[PDB]
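Presented as structure tokens, the chain that follows is alone, the form deposited in one PDB entry.
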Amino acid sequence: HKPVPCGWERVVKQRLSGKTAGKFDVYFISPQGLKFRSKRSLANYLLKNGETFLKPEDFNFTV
């Protein structure tokens, strides 16, 4: 059970078409509206920016 960082938005989406219909994908939206499809891309974002407070583990990409 894991809370979502202030200003951020967590989106649970379901795939509609393709061989992968029904599959789920989680992604996050920053307070600035940048969208992250993975914990790695988000983590790289935290590094580029020198975020000290937020940790990659604060973001829950599982459903």
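Think of the rigid core as the biggest set of C-alphas that the two forms share within 1.5 Å after superposition. Shifts are known only where both forms have a C-alpha. In this text, residue numbers run from 1 along the sequence as written.
In this entry, 10-18 shows the higher mean Cα temperature factor of the pair 38-46 and 10-18.
Form deposited in another entry: not shown, discussed below.
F53 is among the residues whose C-alpha shifts by 2 Å or more between this form and the one not shown once the rigid core is aligned. If you compare C-alpha positions, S41 and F53 are 3 angstroms or more farther apart in the other form than in the form on display. Relative to what is shown, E9 and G50 are closer in the other form; their C-alpha atoms differ in spacing by at least 3 Å. Identified as moving between this form and the one not shown on the superposed core are the stretches 16-18, 48-63, each made of at least three consecutive residues whose Cα atoms shift by 2 Å or more.
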